[PDB]
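Q: Have a look at this one.
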Amino acid sequence: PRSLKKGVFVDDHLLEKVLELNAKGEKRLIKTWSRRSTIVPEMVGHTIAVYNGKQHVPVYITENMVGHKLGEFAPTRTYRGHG
Amino acid sequence: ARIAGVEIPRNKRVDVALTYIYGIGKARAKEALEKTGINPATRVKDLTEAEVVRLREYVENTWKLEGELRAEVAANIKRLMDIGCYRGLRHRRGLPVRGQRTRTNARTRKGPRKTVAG
Amino acid sequence: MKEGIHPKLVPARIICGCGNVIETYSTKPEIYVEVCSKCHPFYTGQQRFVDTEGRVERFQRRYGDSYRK
Amino acid sequence: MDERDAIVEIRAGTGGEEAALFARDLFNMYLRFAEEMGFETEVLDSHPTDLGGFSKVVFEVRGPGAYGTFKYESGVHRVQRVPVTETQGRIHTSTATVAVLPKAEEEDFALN
Amino acid sequence: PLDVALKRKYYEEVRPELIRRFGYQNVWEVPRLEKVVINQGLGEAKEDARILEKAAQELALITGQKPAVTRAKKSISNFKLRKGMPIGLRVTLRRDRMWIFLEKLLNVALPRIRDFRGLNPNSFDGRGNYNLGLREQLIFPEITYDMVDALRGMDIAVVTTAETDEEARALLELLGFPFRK
Amino acid sequence: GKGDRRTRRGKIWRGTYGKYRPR
RNA sequence: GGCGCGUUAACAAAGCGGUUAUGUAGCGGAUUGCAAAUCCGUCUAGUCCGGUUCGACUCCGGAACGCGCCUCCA
RNA sequence: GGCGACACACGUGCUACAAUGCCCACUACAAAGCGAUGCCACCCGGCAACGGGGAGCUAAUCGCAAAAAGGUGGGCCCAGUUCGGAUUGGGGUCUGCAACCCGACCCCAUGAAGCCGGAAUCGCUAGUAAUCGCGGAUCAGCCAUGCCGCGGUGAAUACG
RNA sequence: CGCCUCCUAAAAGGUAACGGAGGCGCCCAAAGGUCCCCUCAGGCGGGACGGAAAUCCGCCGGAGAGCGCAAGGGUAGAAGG
Ligand SMILES: [Mg+2]
Ligand SMILES: [Mg+2]
Ligand SMILES: [Mg+2]
Ligand SMILES: [Mg+2]
Ligand SMILES: [Mg+2]
Ligand SMILES: [Mg+2]
Ligand SMILES: [Mg+2]
Ligand SMILES: [Mg+2]
Ligand SMILES: [Mg+2]
Ligand SMILES: [Mg+2]
Ligand SMILES: [Mg+2]
Ligand SMILES: [Mg+2]
Ligand SMILES: [Mg+2]
Ligand SMILES: [Mg+2]
Ligand SMILES: [Mg+2]
Ligand SMILES: [Mg+2]
Ligand SMILES: [Mg+2]
Ligand SMILES: [Mg+2]
Ligand SMILES: [Mg+2]
Ligand SMILES: [Mg+2]
Ligand SMILES: [Mg+2]
Ligand SMILES: [Mg+2]
Ligand SMILES: [Mg+2]
Ligand SMILES: [Mg+2]
Ligand SMILES: [Mg+2]
Ligand SMILES: [Mg+2]
Ligand SMILES: [Mg+2]
Ligand SMILES: [Mg+2]
Ligand SMILES: [Mg+2]
Ligand SMILES: [Mg+2]
Ligand SMILES: [Mg+2]
Ligand SMILES: [Mg+2]
Ligand SMILES: [Mg+2]
Ligand SMILES: [Mg+2]
Ligand SMILES: [Mg+2]
Ligand SMILES: [Mg+2]
Ligand SMILES: [Mg+2]
Ligand SMILES: [Mg+2]
Ligand SMILES: [Mg+2]
Ligand SMILES: [Mg+2]
Ligand SMILES: [Mg+2]
Ligand SMILES: [Mg+2]
Ligand SMILES: [Mg+2]
Ligand SMILES: [Mg+2]
Ligand SMILES: [Mg+2]
Ligand SMILES: [Mg+2]
Ligand SMILES: [Mg+2]
Ligand SMILES: [Mg+2]
Ligand SMILES: [Mg+2]
Ligand SMILES: [Mg+2]
Ligand SMILES: [Mg+2]
Ligand SMILES: [Mg+2]
Ligand SMILES: [Mg+2]
Ligand SMILES: [Mg+2]
Ligand SMILES: [Mg+2]
Ligand SMILES: [Zn+2]
């Protein structure tokens, strides 16, 4: 992992969009590109459209997924199986 | 069920014997024997039950073992399964999790080969 | 009871590792258990072992909050 | 017509073993195009060459509109390339034929 | 009848709590234990071997009672079994041997169970009886890993004169039956 | 074996150091 | 129509009341410049309906289709 | 975002299947190279990865540096194991704007397949083959078990 | 082509057709005698492996089970175990 003695990373144009809305009386669908972002408790509740290279995936966020990134839950490899 | 709910092999070394239990690696194999005043390099076929229960009480209280370990990890993968994280997908379909290549091997993760016609 | 077929019962002294002793009857006059009722985790209340959790994942990480407002 | 299912008859033309291989290129080309149309295919008659090609393949394209789409393929398709069967590196000009037939009725016959 | 620890506990502590908690006017209305009937549905020694003789040897070491053979009512192809084969062992425990069995069952055996989260609170007969299974035989005290040779569990039937599940739910728990939920 | 990173030679093979092959 | 025989997998074709038939093909590998041949492995089943039996491809009854024989004296 | 996909199939390698071996402690003997947002001594915190300090060296001077097999002693006793190191969970380190896809390393736990490989098939004639460790280029980091090198130890057999 | 069961057979018996449907040419050394004991099928709930169905417990369940083999009659107040 990105070593803990740094700041737990959020692209900080996005965490803004989650706490600028905690003021405004949310919730919106915010379309992002920072898949590289740790989920924070300030995001629990919102809808974020995590891009995957082609399309914007609505990814609501809950309280079992905080440490994990936004880009995990927006996979990019449509598979279905083989055969 | 000698210790942690598992009988441990006789005629073996007490540090090796503890490895013969789910949750006890070689690093935890020694940790007890020093911190229990227990001679590592002797059989289980020559042990007093004072040391035995001292050993048993130590390892069952200090360390999540046999069942509890199995269930806890069993629950952790499940969370990734539930939420729909990438590792949860790749835990359902039996694919790798740590980013290995799949074009060839992964056979441990994918069992014997499903040979194809064509 | 039929004679000659049944293992006769005698007063027994079962023994757990925790020094708990139980006045029972058995086929053996003494046994030496390792777990009993008097010290089982599910039995002695919660007796929550190493899992005094709180999870403790994951919002509870709180390993930061330096990220600005 | 246009809306009924279709039978496609691919036959190797002039070219011998390479016409048969090209016939299989035409064959795989149509099976895929069927997928990208929601059409269902099923092979009724296949005559493989031991080199991988087909001296003749007959398959149906099942789905509303098959004879509407596939009908524009009935004819002679020319290939110009260096065959896998060529050894002096020359370009050969081989042909494969495609025949498109609307699926038939097995209509029962009784005496009036 | 001899002093049995659990037997005493039934009379001195369980009896009045039930009268209290339920209010029966008659000393016989208050629920009791009728019998405990243990059944190993072995079925592996159908033809494979005479492994039963060792299981009846262990089931006797656990209960003090030689069990009785059970046999196949009809013949079953898929079970690889003809009508009349020895396919199990039943033993019926009453009175003290019933008490002495549960005393060790609740105190030492159900604890020595691997990964034990309590008895299922839903296994009640619907008419005041209870049934629980098991996966092993070393769980019980008298069965050592030396003498073990095969992993054979059992079914357990506990029969009560209680008329309803709730009367029987209270009777068992007051004796020491660890219920999960 | 040279792949067992939890051993002397395993760390030798990888050239890295730790509890099992210290500097 | 009567009587006898049959229906098994990709094809041809057997045994069997409980059980990878087999040959060829097909499928993966080897060999070969490549194909064949050859070598190492491998594989898909019992026409439908109803009975008997613990159990039916296997036994019994019927249907369906196919084969073979007969239908003569007026 | 993908080039890192995975019903499958092939080539080149790594690691093994163990006792002429594994493990641990202790003690040896190289060569060739690299090194100023660099090698890093030495010390402290850290099980460790590393982190903090902090000399020397523009380098036959300072450092990378331990060479390793080996040598000595001790342990494992033939067990899918004190063989093997895959897989996964969890806890960390580092780089970099950023390690989800998709990095590397450490630690804890987990200890898989594999009992020497069918038809077949590759290399090598001497300091060669086998085995052993070491350096470099690229390079923030590294998926290198690859390549180009370097020395250590060191055979068998060639009738024809 | 002989024998058994049912129907046809018209409520005693009997009653035909190249009428409608089945079966027999065995078997059992206990599947026989007697004394003693026992009672099914099935349905629901409950119970490790264990399933529609193996064995265990509870409740309901007069006979729909069983009685070697066809059918009928008979049958647990036993002919059944
Ligand atoms: Mg272990
Ligand atoms: Mg991980
Ligand atoms: Mg990798
Ligand atoms: Mg990958
Ligand atoms: Mg008694
Ligand atoms: Mg030519
Ligand atoms: Mg009263
Ligand atoms: Mg219930
Ligand atoms: Mg009751
Ligand atoms: Mg005719
Ligand atoms: Mg046949
Ligand atoms: Mg055929
Ligand atoms: Mg034949
Ligand atoms: Mg025959
Ligand atoms: Mg065959
Ligand atoms: Mg073949
Ligand atoms: Mg082949
Ligand atoms: Mg059939
Ligand atoms: Mg049948
Ligand atoms: Mg049938
Ligand atoms: Mg069959
Ligand atoms: Mg048939
Ligand atoms: Mg027939
Ligand atoms: Mg005449
Ligand atoms: Mg590429
Ligand atoms: Mg490689
Ligand atoms: Mg460099
Ligand atoms: Mg170095
Ligand atoms: Mg193993
Ligand atoms: Mg094996
Ligand atoms: Mg190892
Ligand atoms: Mg990455
Ligand atoms: Mg091991
Ligand atoms: Mg061996
Ligand atoms: Mg060899
Ligand atoms: Mg030469
Ligand atoms: Mg070696
Ligand atoms: Mg580099
Ligand atoms: Mg290197
Ligand atoms: Mg006559
Ligand atoms: Mg006669
Ligand atoms: Mg009459
Ligand atoms: Mg009549
Ligand atoms: Mg009359
Ligand atoms: Mg008369
Ligand atoms: Mg008549
Ligand atoms: Mg006699
Ligand atoms: Mg009889
Ligand atoms: Mg009789
Ligand atoms: Mg008699
Ligand atoms: Mg039931
Ligand atoms: Mg059942
Ligand atoms: Mg009847
Ligand atoms: Mg019968
Ligand atoms: Mg009959
Ligand atoms: Zn205790």
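For the structure tokens, the naming scheme is as follows: chains receive sequential letters (A, B, ...) according to their order of presentation, residues are indexed from 1 within each chain, and ligands are indexed from 1 in presentation order.
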Fewer than 2 positions away in the same chain doesn't count, so skip those; otherwise give me all residues within 12 Å of residue 41 in chain E, counting only C-alpha atoms (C1' of nucleotides), as a ChimeraX atom specification.
A: /E:38-39,43-46,52,55-56,68-72,86-91,133-135,152-156 /I:47-50,54-56
Q: Write to file, as a PDB file, in the first residue's frame, the residues of the selection just made, with C-alpha atoms (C1' of nucleotides).
A:
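Resulting contents of out.pdb:
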ATOM      1  CA  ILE E  38     -29.486 -41.786  20.259  1.00  0.00           C
ATOM      2  CA  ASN E  39     -29.251 -42.981  16.646  1.00  0.00           C
ATOM      3  CA  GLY E  43     -25.321 -47.060   6.694  1.00  0.00           C
ATOM      4  CA  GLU E  44     -21.696 -47.263   5.566  1.00  0.00           C
ATOM      5  CA  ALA E  45     -21.361 -50.783   6.972  1.00  0.00           C
ATOM      6  CA  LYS E  46     -24.344 -51.754   4.795  1.00  0.00           C
ATOM      7  CA  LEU E  52     -21.023 -51.399  13.573  1.00  0.00           C
ATOM      8  CA  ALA E  55     -19.545 -48.180  16.926  1.00  0.00           C
ATOM      9  CA  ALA E  56     -21.823 -50.069  19.308  1.00  0.00           C
ATOM     10  CA  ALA E  68     -29.538 -52.269  19.099  1.00  0.00           C
ATOM     11  CA  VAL E  69     -29.112 -52.802  15.371  1.00  0.00           C
ATOM     12  CA  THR E  70     -31.383 -50.983  12.953  1.00  0.00           C
ATOM     13  CA  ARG E  71     -32.108 -52.575   9.589  1.00  0.00           C
ATOM     14  CA  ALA E  72     -33.328 -51.390   6.213  1.00  0.00           C
ATOM     15  CA  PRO E  86     -27.699 -53.656   9.412  1.00  0.00           C
ATOM     16  CA  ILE E  87     -27.450 -49.934   8.721  1.00  0.00           C
ATOM     17  CA  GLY E  88     -27.475 -48.224  12.101  1.00  0.00           C
ATOM     18  CA  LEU E  89     -27.481 -48.308  15.883  1.00  0.00           C
ATOM     19  CA  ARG E  90     -30.211 -46.989  18.188  1.00  0.00           C
ATOM     20  CA  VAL E  91     -29.971 -46.783  21.981  1.00  0.00           C
ATOM     21  CA  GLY E 133     -27.070 -33.988  15.361  1.00  0.00           C
ATOM     22  CA  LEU E 134     -23.327 -34.445  15.785  1.00  0.00           C
ATOM     23  CA  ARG E 135     -20.348 -35.019  13.492  1.00  0.00           C
ATOM     24  CA  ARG E 152     -19.022 -41.283  13.011  1.00  0.00           C
ATOM     25  CA  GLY E 153     -21.539 -38.832  14.505  1.00  0.00           C
ATOM     26  CA  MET E 154     -25.169 -39.322  15.477  1.00  0.00           C
ATOM     27  CA  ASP E 155     -28.687 -37.951  15.868  1.00  0.00           C
ATOM     28  CA  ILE E 156     -30.035 -37.157  19.337  1.00  0.00           C
TER      29      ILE E 156
ATOM     30  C1'   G I  47     -32.626 -34.813  13.317  1.00  0.00           C
ATOM     31  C1'   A I  48     -24.605 -35.024  11.315  1.00  0.00           C
ATOM     32  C1'   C I  49     -23.060 -36.908   6.926  1.00  0.00           C
ATOM     33  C1'   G I  50     -28.156 -38.601   4.550  1.00  0.00           C
ATOM     34  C1'   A I  54     -31.292 -45.506   4.323  1.00  0.00           C
ATOM     35  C1'   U I  55     -31.717 -45.041  10.097  1.00  0.00           C
ATOM     36  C1'   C I  56     -33.838 -42.013  14.751  1.00  0.00           C
TER      37        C I  56
END
Q: Please run DSSP on the backbone and report, as a PyMOL selection string, all residues within chain A that come out as strand (DSSP E or B).
A: chain A and resi 29-32+38+47-51+56-60+69
Q: Next, dump the selected residues to file, keeping only N, CA and C atoms, as a PDB file, in the first residue's frame.
A:
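This went into out.pdb:
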ATOM      1  N   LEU A  29     -25.261  12.974  -8.358  1.00  0.00           N
ATOM      2  CA  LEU A  29     -24.446  12.021  -9.102  1.00  0.00           C
ATOM      3  C   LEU A  29     -23.245  12.778  -9.658  1.00  0.00           C
ATOM      4  N   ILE A  30     -22.078  12.541  -9.070  1.00  0.00           N
ATOM      5  CA  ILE A  30     -20.852  13.243  -9.428  1.00  0.00           C
ATOM      6  C   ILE A  30     -20.017  12.321 -10.306  1.00  0.00           C
ATOM      7  N   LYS A  31     -19.749  12.755 -11.537  1.00  0.00           N
ATOM      8  CA  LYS A  31     -18.956  11.968 -12.473  1.00  0.00           C
ATOM      9  C   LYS A  31     -17.474  12.278 -12.273  1.00  0.00           C
ATOM     10  N   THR A  32     -16.675  11.229 -12.076  1.00  0.00           N
ATOM     11  CA  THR A  32     -15.266  11.363 -11.731  1.00  0.00           C
ATOM     12  C   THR A  32     -14.374  10.641 -12.738  1.00  0.00           C
ATOM     13  N   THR A  38      -9.192   6.542  -2.320  1.00  0.00           N
ATOM     14  CA  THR A  38      -9.715   5.805  -1.176  1.00  0.00           C
ATOM     15  C   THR A  38     -11.075   6.360  -0.774  1.00  0.00           C
ATOM     16  N   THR A  47     -23.644   9.188  -4.828  1.00  0.00           N
ATOM     17  CA  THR A  47     -23.551   8.443  -6.077  1.00  0.00           C
ATOM     18  C   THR A  47     -22.447   9.066  -6.915  1.00  0.00           C
ATOM     19  N   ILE A  48     -21.436   8.270  -7.254  1.00  0.00           N
ATOM     20  CA  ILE A  48     -20.296   8.725  -8.041  1.00  0.00           C
ATOM     21  C   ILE A  48     -20.207   7.870  -9.298  1.00  0.00           C
ATOM     22  N   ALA A  49     -20.028   8.522 -10.451  1.00  0.00           N
ATOM     23  CA  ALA A  49     -20.022   7.825 -11.742  1.00  0.00           C
ATOM     24  C   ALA A  49     -18.584   7.477 -12.128  1.00  0.00           C
ATOM     25  N   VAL A  50     -18.067   6.425 -11.497  1.00  0.00           N
ATOM     26  CA  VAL A  50     -16.669   6.038 -11.669  1.00  0.00           C
ATOM     27  C   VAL A  50     -16.465   5.563 -13.108  1.00  0.00           C
ATOM     28  N   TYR A  51     -15.726   6.348 -13.890  1.00  0.00           N
ATOM     29  CA  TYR A  51     -15.368   5.972 -15.251  1.00  0.00           C
ATOM     30  C   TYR A  51     -14.538   4.690 -15.239  1.00  0.00           C
ATOM     31  N   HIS A  56     -19.509   5.773 -17.690  1.00  0.00           N
ATOM     32  CA  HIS A  56     -19.598   6.264 -16.316  1.00  0.00           C
ATOM     33  C   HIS A  56     -20.527   5.360 -15.516  1.00  0.00           C
ATOM     34  N   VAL A  57     -19.965   4.664 -14.533  1.00  0.00           N
ATOM     35  CA  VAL A  57     -20.680   3.645 -13.770  1.00  0.00           C
ATOM     36  C   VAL A  57     -21.178   4.283 -12.477  1.00  0.00           C
ATOM     37  N   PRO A  58     -22.490   4.416 -12.273  1.00  0.00           N
ATOM     38  CA  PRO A  58     -22.993   4.809 -10.947  1.00  0.00           C
ATOM     39  C   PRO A  58     -22.526   3.826  -9.881  1.00  0.00           C
ATOM     40  N   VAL A  59     -21.770   4.338  -8.910  1.00  0.00           N
ATOM     41  CA  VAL A  59     -21.268   3.538  -7.792  1.00  0.00           C
ATOM     42  C   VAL A  59     -21.659   4.264  -6.506  1.00  0.00           C
ATOM     43  N   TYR A  60     -22.820   3.907  -5.959  1.00  0.00           N
ATOM     44  CA  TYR A  60     -23.162   4.259  -4.590  1.00  0.00           C
ATOM     45  C   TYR A  60     -22.148   3.629  -3.638  1.00  0.00           C
ATOM     46  N   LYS A  69     -10.746   1.460  -3.013  1.00  0.00           N
ATOM     47  CA  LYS A  69     -10.738   2.564  -3.960  1.00  0.00           C
ATOM     48  C   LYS A  69     -12.094   2.700  -4.649  1.00  0.00           C
TER      49      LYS A  69
END
Q: Can you pull out every residue within 12 Å of residue 12 in chain F, counting only C-alpha atoms (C1' of nucleotides), but drop anything in the same chain fewer than 3 positions away, and send it as a PDB file with N, CA, C and O atoms (P, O5', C5', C4', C3', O3' and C1' of nucleotides), in the first residue's frame?
A:
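So part_32.pdb came out as:
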ATOM      1  N   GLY F   1      14.374 -24.123  -0.267  1.00  0.00           N
ATOM      2  CA  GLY F   1      14.498 -23.899  -1.695  1.00  0.00           C
ATOM      3  C   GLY F   1      14.540 -22.433  -2.050  1.00  0.00           C
ATOM      4  O   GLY F   1      14.002 -21.596  -1.331  1.00  0.00           O
ATOM      5  N   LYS F   2      15.155 -22.119  -3.187  1.00  0.00           N
ATOM      6  CA  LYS F   2      15.428 -20.742  -3.568  1.00  0.00           C
ATOM      7  C   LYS F   2      14.159 -19.903  -3.763  1.00  0.00           C
ATOM      8  O   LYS F   2      14.294 -18.715  -4.045  1.00  0.00           O
ATOM      9  N   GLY F   3      12.951 -20.462  -3.679  1.00  0.00           N
ATOM     10  CA  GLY F   3      11.760 -19.648  -3.809  1.00  0.00           C
ATOM     11  C   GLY F   3      11.120 -19.342  -2.467  1.00  0.00           C
ATOM     12  O   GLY F   3      10.380 -18.361  -2.311  1.00  0.00           O
ATOM     13  N   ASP F   4      11.412 -20.189  -1.478  1.00  0.00           N
ATOM     14  CA  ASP F   4      10.916 -20.001  -0.119  1.00  0.00           C
ATOM     15  C   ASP F   4      11.507 -18.730   0.476  1.00  0.00           C
ATOM     16  O   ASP F   4      12.554 -18.774   1.128  1.00  0.00           O
ATOM     17  N   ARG F   5      10.846 -17.591   0.253  1.00  0.00           N
ATOM     18  CA  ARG F   5      11.359 -16.309   0.720  1.00  0.00           C
ATOM     19  C   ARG F   5      11.497 -16.244   2.234  1.00  0.00           C
ATOM     20  O   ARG F   5      12.157 -15.328   2.737  1.00  0.00           O
ATOM     21  N   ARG F   6      10.900 -17.185   2.969  1.00  0.00           N
ATOM     22  CA  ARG F   6      11.029 -17.252   4.420  1.00  0.00           C
ATOM     23  C   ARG F   6      12.241 -18.066   4.865  1.00  0.00           C
ATOM     24  O   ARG F   6      12.182 -18.725   5.914  1.00  0.00           O
ATOM     25  N   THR F   7      13.330 -18.051   4.093  1.00  0.00           N
ATOM     26  CA  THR F   7      14.525 -18.814   4.432  1.00  0.00           C
ATOM     27  C   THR F   7      15.766 -18.058   3.983  1.00  0.00           C
ATOM     28  O   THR F   7      15.694 -17.077   3.236  1.00  0.00           O
ATOM     29  N   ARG F   8      16.918 -18.550   4.446  1.00  0.00           N
ATOM     30  CA  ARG F   8      18.199 -17.935   4.112  1.00  0.00           C
ATOM     31  C   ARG F   8      18.401 -17.890   2.605  1.00  0.00           C
ATOM     32  O   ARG F   8      18.530 -16.815   2.009  1.00  0.00           O
ATOM     33  N   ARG F   9      18.411 -19.066   1.969  1.00  0.00           N
ATOM     34  CA  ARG F   9      18.666 -19.139   0.536  1.00  0.00           C
ATOM     35  C   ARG F   9      17.569 -18.462  -0.277  1.00  0.00           C
ATOM     36  O   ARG F   9      17.851 -17.896  -1.340  1.00  0.00           O
ATOM     37  N   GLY F  15      18.012 -11.751  -3.135  1.00  0.00           N
ATOM     38  CA  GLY F  15      18.947 -10.706  -2.764  1.00  0.00           C
ATOM     39  C   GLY F  15      18.439  -9.693  -1.761  1.00  0.00           C
ATOM     40  O   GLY F  15      19.104  -8.675  -1.542  1.00  0.00           O
ATOM     41  N   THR F  16      17.285  -9.930  -1.146  1.00  0.00           N
ATOM     42  CA  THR F  16      16.728  -9.029  -0.149  1.00  0.00           C
ATOM     43  C   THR F  16      16.966  -9.582   1.250  1.00  0.00           C
ATOM     44  O   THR F  16      17.229 -10.773   1.438  1.00  0.00           O
ATOM     45  N   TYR F  17      16.869  -8.699   2.238  1.00  0.00           N
ATOM     46  CA  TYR F  17      17.191  -9.046   3.612  1.00  0.00           C
ATOM     47  C   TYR F  17      15.950  -8.956   4.492  1.00  0.00           C
ATOM     48  O   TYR F  17      14.971  -8.283   4.159  1.00  0.00           O
ATOM     49  N   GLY F  18      16.011  -9.643   5.625  1.00  0.00           N
ATOM     50  CA  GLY F  18      14.905  -9.617   6.561  1.00  0.00           C
ATOM     51  C   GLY F  18      15.221 -10.422   7.799  1.00  0.00           C
ATOM     52  O   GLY F  18      16.387 -10.639   8.137  1.00  0.00           O
ATOM     53  N   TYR F  20      14.971 -13.488   8.169  1.00  0.00           N
ATOM     54  CA  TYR F  20      15.544 -14.789   7.849  1.00  0.00           C
ATOM     55  C   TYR F  20      16.934 -14.708   7.223  1.00  0.00           C
ATOM     56  O   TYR F  20      17.662 -15.710   7.242  1.00  0.00           O
ATOM     57  N   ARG F  21      17.319 -13.551   6.684  1.00  0.00           N
ATOM     58  CA  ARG F  21      18.700 -13.308   6.255  1.00  0.00           C
ATOM     59  C   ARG F  21      19.013 -11.840   6.507  1.00  0.00           C
ATOM     60  O   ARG F  21      18.723 -10.971   5.672  1.00  0.00           O
ATOM     61  N   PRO F  22      19.600 -11.522   7.661  1.00  0.00           N
ATOM     62  CA  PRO F  22      19.851 -10.122   8.013  1.00  0.00           C
ATOM     63  C   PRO F  22      21.216  -9.637   7.539  1.00  0.00           C
ATOM     64  O   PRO F  22      22.130 -10.417   7.258  1.00  0.00           O
ATOM     65  N   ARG F  23      21.340  -8.313   7.460  1.00  0.00           N
ATOM     66  CA  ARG F  23      22.599  -7.686   7.061  1.00  0.00           C
ATOM     67  C   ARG F  23      23.492  -7.416   8.271  1.00  0.00           C
ATOM     68  O   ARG F  23      23.751  -8.311   9.081  1.00  0.00           O
TER      69      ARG F  23
ATOM     70  P     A H  66      31.405  -6.974   2.891  1.00  0.00           P
ATOM     71  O5'   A H  66      30.375  -8.179   2.737  1.00  0.00           O
ATOM     72  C5'   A H  66      29.589  -8.615   3.835  1.00  0.00           C
ATOM     73  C4'   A H  66      28.857  -9.899   3.521  1.00  0.00           C
ATOM     74  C3'   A H  66      29.608 -10.934   2.703  1.00  0.00           C
ATOM     75  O3'   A H  66      30.617 -11.627   3.416  1.00  0.00           O
ATOM     76  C1'   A H  66      27.401 -10.766   1.897  1.00  0.00           C
ATOM     77  P     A H  67      32.088 -11.784   2.774  1.00  0.00           P
ATOM     78  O5'   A H  67      31.820 -12.062   1.226  1.00  0.00           O
ATOM     79  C5'   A H  67      31.464 -13.360   0.770  1.00  0.00           C
ATOM     80  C4'   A H  67      30.549 -13.293  -0.430  1.00  0.00           C
ATOM     81  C3'   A H  67      29.819 -14.578  -0.789  1.00  0.00           C
ATOM     82  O3'   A H  67      28.643 -14.753  -0.019  1.00  0.00           O
ATOM     83  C1'   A H  67      30.729 -13.582  -2.747  1.00  0.00           C
ATOM     84  P     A H  68      28.607 -15.768   1.227  1.00  0.00           P
ATOM     85  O5'   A H  68      27.670 -16.957   0.729  1.00  0.00           O
ATOM     86  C5'   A H  68      26.641 -16.735  -0.225  1.00  0.00           C
ATOM     87  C4'   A H  68      26.677 -17.782  -1.310  1.00  0.00           C
ATOM     88  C3'   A H  68      27.229 -19.140  -0.911  1.00  0.00           C
ATOM     89  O3'   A H  68      26.306 -19.944  -0.197  1.00  0.00           O
ATOM     90  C1'   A H  68      28.135 -18.495  -2.999  1.00  0.00           C
ATOM     91  P     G H 133      23.445 -20.270  -5.323  1.00  0.00           P
ATOM     92  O5'   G H 133      23.621 -18.705  -5.589  1.00  0.00           O
ATOM     93  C5'   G H 133      23.975 -17.811  -4.544  1.00  0.00           C
ATOM     94  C4'   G H 133      25.355 -17.237  -4.749  1.00  0.00           C
ATOM     95  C3'   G H 133      25.444 -15.875  -5.425  1.00  0.00           C
ATOM     96  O3'   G H 133      25.182 -14.789  -4.552  1.00  0.00           O
ATOM     97  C1'   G H 133      27.026 -17.337  -6.391  1.00  0.00           C
ATOM     98  P     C H 134      24.462 -13.466  -5.119  1.00  0.00           P
ATOM     99  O5'   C H 134      25.633 -12.645  -5.821  1.00  0.00           O
ATOM    100  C5'   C H 134      26.778 -12.216  -5.100  1.00  0.00           C
ATOM    101  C4'   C H 134      27.753 -11.506  -6.005  1.00  0.00           C
ATOM    102  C3'   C H 134      27.136 -10.505  -6.968  1.00  0.00           C
ATOM    103  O3'   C H 134      26.883  -9.247  -6.376  1.00  0.00           O
ATOM    104  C1'   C H 134      28.574 -11.923  -8.163  1.00  0.00           C
TER     105        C H 134
END
Q: For the alpha helix (DSSP H) assignment from backbone DSSP, which residues of chain B qualify? Please present them as a ChimeraX atom specification.
A: /B:14-19,26-35,49-62,66-83,86-92,107-110
Q: Could the residues that lie within 8 Å of ligand 29, counting only C-alpha atoms (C1' of nucleotides) and all ligand atoms, be listed as a ChimeraX atom specification?
A: /H:80,111-112
Q: Could you write out the selected residues, including N, CA and C atoms (P, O5', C5', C4', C3', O3' and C1' of nucleotides), as a PDB file, in the first residue's frame?
A:
ATOM      1  P     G H  80       3.387 -39.188   3.377  1.00  0.00           P
ATOM      2  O5'   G H  80       2.519 -37.878   3.117  1.00  0.00           O
ATOM      3  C5'   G H  80       2.704 -37.099   1.945  1.00  0.00           C
ATOM      4  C4'   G H  80       3.575 -35.892   2.191  1.00  0.00           C
ATOM      5  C3'   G H  80       2.837 -34.624   2.603  1.00  0.00           C
ATOM      6  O3'   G H  80       3.742 -33.791   3.335  1.00  0.00           O
ATOM      7  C1'   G H  80       3.815 -34.301   0.479  1.00  0.00           C
ATOM      8  P     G H 111      -2.314 -24.699   6.077  1.00  0.00           P
ATOM      9  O5'   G H 111      -1.266 -24.703   4.880  1.00  0.00           O
ATOM     10  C5'   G H 111      -1.703 -24.732   3.526  1.00  0.00           C
ATOM     11  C4'   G H 111      -0.587 -25.127   2.591  1.00  0.00           C
ATOM     12  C3'   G H 111       0.035 -26.504   2.851  1.00  0.00           C
ATOM     13  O3'   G H 111       0.465 -27.060   1.605  1.00  0.00           O
ATOM     14  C1'   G H 111       1.692 -24.843   3.054  1.00  0.00           C
ATOM     15  P     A H 112       0.228 -28.615   1.256  1.00  0.00           P
ATOM     16  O5'   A H 112      -0.537 -28.569  -0.141  1.00  0.00           O
ATOM     17  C5'   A H 112      -1.911 -28.217  -0.214  1.00  0.00           C
ATOM     18  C4'   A H 112      -2.261 -27.673  -1.575  1.00  0.00           C
ATOM     19  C3'   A H 112      -1.626 -28.400  -2.756  1.00  0.00           C
ATOM     20  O3'   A H 112      -2.380 -29.535  -3.158  1.00  0.00           O
ATOM     21  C1'   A H 112      -1.318 -26.055  -2.990  1.00  0.00           C
TER      22        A H 112
END
Q: Could you pull out the residues sitting within 9 Å of ligand 16, using only C-alpha atoms (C1' of nucleotides) and all ligand atoms, and write them as a ChimeraX atom specification?
A: /G:24-27,41-43
Q: Can you list, as a list in words, every protein, DNA or RNA residue that comes within 8 Å of residue 53 in chain D when you count only C-alpha atoms (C1' of nucleotides), leaving out same-chain residues fewer than 6 positions away?
A: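 Non-adjacent residues within range: residues 17, 18, 20, 21, 22, 23 and 24 of chain D.
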